[PDB]
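Here is what each chain is made of, one letter per residue.
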Amino acid sequence: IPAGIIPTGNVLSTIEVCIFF
Amino acid sequence: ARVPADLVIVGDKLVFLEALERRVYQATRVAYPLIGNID
Amino acid sequence: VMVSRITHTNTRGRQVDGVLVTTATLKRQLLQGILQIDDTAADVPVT
Amino acid sequence: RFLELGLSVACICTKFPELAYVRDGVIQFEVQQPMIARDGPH
Amino acid sequence: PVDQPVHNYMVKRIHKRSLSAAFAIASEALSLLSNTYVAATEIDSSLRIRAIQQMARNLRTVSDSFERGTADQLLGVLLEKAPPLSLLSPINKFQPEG
């Protein structure tokens, strides 16, 4: 696979909120 | 490169003061050295 | 006798009045808590 | 003001207009175990 | 006329270490990696970037695990190369000529 992106550099993952309906 | 790292002059010479315990040996399966004990 | 043309001064410009010579044990013993540091560098002639 | 108080640093205030209709919410975190890389091929 | 110079010739052993780590790839993961080699209008971009994101994250964890462990190794050999103060200091002090 090609990377095609920057080699991370301190990955800050995303906070996702899941609301129930 | 400017890095935040504390340092102390002791006597006539200047030395880093490191307690590298939080960056490494936190949440891992290897025991920290320098705790050898005595008899 | 205060004879000089260019003498040994500190970084600010005040001339020193002599040299004190000992061994490093007593150097560290006076340096730790007895006497205070005035400066680290000094001005010295070249001839 | 709550923000200019020194206690405000312990909270991360954020707006949410559609909160009165919230029944329920979850959030997730995926912090992983950090490992050392010991020399021997074990 | 009793003064002659002397030169010292010490040599050092190079020694030899290494570092090793494990890194696992699932069957679904590698099977999707195979299609991304021929990435085109086919092979969906969202799942492709999800795959490369997760695998690059894991690859960087195993990559800087070496970077973490280097400090452990060097501190360990520093402990292996040290005598006590309470041993060396009277030896260094109370010995005028030998």
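Our subject is the structure listed above.
Residues numbered from 1 in each chain as written, not as in the entry; some residues may be left out. Chains lettered and ligands numbered in written order. Part of a larger assembly, values for the part shown. Heavy atoms only, no water. Residues with missing side-chain atoms left out of burial classes, pairs and counts.

A. The interface of chain D and chain B, seen in detail. With 4 residues of chain D in contact, the opposing surface of chain B contributes 6 residues. In total, about 330 Å² of surface goes out of reach between chain D and chain B, with carbon and sulfur atoms giving 53% of it. A per-residue breakdown of the area chain D buries against chain B is headed by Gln-33, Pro-34 and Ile-36 of chain D, which together make up 98% of the total. Inspection of the region where chain D meets chain B yields 0 salt bridges. Linking chain D with chain B are 0 residue pairs in polar contact. Looking at side-chain class alone, the side of chain D that touches chain B contains 3 nonpolar, 1 polar and no charged residues. (Contact = heavy atoms within 4.5 Å. Buried area = accessible area lost by both parts, 1.4 Å probe. Salt bridge = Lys/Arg side-chain N within 4 Å of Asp/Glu carboxyl O. Polar contact = N/O pair within 3.5 Å; in protein donor to acceptor, adjacent residues only side chain to side chain. Nonpolar A, V, L, I, M, F, W, Y, C, P; charged D, E, K, R; others polar.)

B. Structural view of the arrangement of the chains. With 6 pairs of chains in contact overall, the contact-richest pair is chains A and D. Where chain A comes nearest to chain C, the C-alpha atoms are still 41 Å apart, and the two do not contact one another. Separated throughout, chain C and chain D approach each other most closely at a C-alpha pair spaced 39 Å apart.

C. Here's a closer look at the packing of aromatic side chains. Taken as a whole and judged by the stated rule, the model has 1 aromatic pair over all chains. Plain terms: the ring middles of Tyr-25 of chain B and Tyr-32 of chain B are 4.9 Å apart, the flat faces sit at 75° to each other, and that makes the pair edge-to-face. (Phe/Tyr/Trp six-rings, centres within 6.5 Å; stacked < 30°, edge-to-face > 60°.)

D. Region of interest: the pattern of salt bridges. Residues and elements named next belong to chain C. If you walk through the whole model with that rule in mind, you get 1 salt bridge over all chains. Between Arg-12 and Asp-38 there is a salt bridge, with its nearest N and O atoms 2.4 Å apart. Highlighted residues: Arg-12 in the loop between strand 1 (9-10) and helix 1 (24-33) and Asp-38 in the loop between helix 1 and strand 2 (42-43), separated in sequence by 26 residues. Accessibility expressed as a relative area gives 60% for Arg-12, which makes it exposed. On the basis of relative accessibility, which here comes to 47%, the residue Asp-38 falls in the partly exposed class. (Helix = DSSP H or I, 4+ residues; strand = E, 2+ residues; numbered from the N terminus. Buried < 20%, exposed > 50% of the residue type's maximum accessible area, 1.4 Å probe, protein only.)

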